[PDB]
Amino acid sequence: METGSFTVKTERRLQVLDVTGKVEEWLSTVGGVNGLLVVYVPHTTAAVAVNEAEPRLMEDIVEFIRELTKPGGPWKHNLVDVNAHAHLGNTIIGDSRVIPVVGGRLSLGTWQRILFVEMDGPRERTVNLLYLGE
């Protein structure tokens, strides 16, 4: 298997970023033909999702997250830190995605993209990558 990573500099507290490009980069630096790619982040207050990188939708995702997780809301973790909402967002969005690579083609749908979801920015974040296959 092959293994790699790249950084993602986020600019806002909540922000969705399309990192598909960097993933494919690494992936071609590996030249995998048939196998699985695992995209994952080692952060508990950031997540990764797969969906459409349409600007307005990306705004909606942040607002959707803000609504459900309540940044600054009545969370007991507030006694300890101020990012409770980010941890909560991470738990129902997820921190890793498995993506098949078939015949050299990263198996994403026509409108699917790899989105880094920052919930405690601005920070210099990391995305780790693992390729398992031929």
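One rule holds for the numbers: they count along the sequence shown, beginning at 1.
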Which is higher on mean Cα B factor in this entry, 11-19 or 110-118?
11-19
Of 23-31 vs 83-91, the stretch with the larger average CA B-factor in the entry is 23-31
Determine, from the deposited record, the chain-internal third of the Cα B-factor for residue 60: lowest, middle or highest.
lowest
Which third of the chain holds residue 54 when residues are ordered by C-alpha B factor: lowest, middle or highest?
middle
